[PDB]
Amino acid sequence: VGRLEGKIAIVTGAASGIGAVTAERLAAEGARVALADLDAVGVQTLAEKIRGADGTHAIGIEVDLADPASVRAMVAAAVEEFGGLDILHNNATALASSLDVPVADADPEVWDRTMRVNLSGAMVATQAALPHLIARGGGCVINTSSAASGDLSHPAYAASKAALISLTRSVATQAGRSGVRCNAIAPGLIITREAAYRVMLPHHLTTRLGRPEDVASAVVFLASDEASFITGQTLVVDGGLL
């Protein structure tokens, strides 16, 4: 009945927002889920809520995406727990984005830090996960950039998003023969109070603004067997914002 029944998945950035909603959605579709995030407590709590009092199908793992050794330890603990791996969901912070100013005032350190976490983190996680995906007989990696007058600011986020798309194509090309798919999702304006943002409505093509469930549904689709002929692709989930 679950669209991901019997699957094992890792979800990074799982303590809040898109990651948290996705992590609950994969589990509700029958996936066993390792939730991973900087915030140890936030991810243990969510894991506990997903498990309920009877369940064993979720675990919370502490990870620092900027630390390759921490990223490798996380993938090993998840494989250890559930005995394998089918899905890796790499997830990309208000002040963080507040620091990502236009090029004229941009701080090179914020760029360096942004690439380290958003690109180098996903790359290392992917590299750690690949042999486990391959031994499973195949599986998939799904890269989600963070939620997006977008070219007018946050250029480091824009640059890392484009880099992540290139990583996605690199991995799909390199791992395809071994049965691994790799796809990206590029969310537009995702509201994690929808009423305060309604000025943005005429700039969308849809009649509503984005929800984290929109990204989660896309992750369920791309992770499922019925999408197994899709790889190297970027699914834009943005209500037409462009």
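Residues carry their position along the shown sequence, with the first being 1.
> Count of coordinate-less deposited residues separating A148 and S149, as none, 1 to 3, 4 to 9, or 10 or more?
Replying inline: The entry leaves 1 to 3 residues without coordinates here.
> Which class describes the count of deposited residues lacking coordinates between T192 and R193: none, 1 to 3, 4 to 9, or 10 or more?
Replying inline: The entry has a short gap there, with 1 to 3 residues left out between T192 and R193.
> So which stretch wins on mean C-alpha B-factor, 95 to 103 or 122 to 130?
Replying inline: Higher of the two, by average CA B-factor, is 95 to 103.
> Looking at the entry, does 12 to 20 or 218 to 226 show the higher mean C-alpha B-factor?
Replying inline: Taking the mean B-factor of the alpha carbons in each, 12 to 20 is higher.
> From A184, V180, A34, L209, can you pick the one with the highest C-alpha B factor in the entry?
Replying inline: Among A184, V180, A34, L209, the highest C-alpha B-factor in the entry belongs to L209.
>> Going by the CA temperature factor in the PDB record, which third of the chain does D86 belong to: lowest, middle or highest?
In response: CA B-factor rank for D86: lowest third.
> Taking the C-alpha B-factors as the PDB entry records them, is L235 in the lowest, middle or highest third of its chain?
Replying inline: Bottom third by C-alpha B-factor.
> Mind checking which third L26 falls in for C-alpha B-factor across the chain?
Replying inline: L26: CA B-factor falls in the lowest third of its chain.
> Within this chain, which third does the Cα B-factor at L164 fall in: lowest, middle or highest?
Replying inline: Answer is lowest: the recorded C-alpha B-factor places it there.
> Among the modelled residues of its chain, does the C-alpha B-factor of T114 lie in the lowest, middle or highest third?
Replying inline: Its C-alpha B-factor, which the entry lists for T114, ranks in the middle third among residues of this chain.
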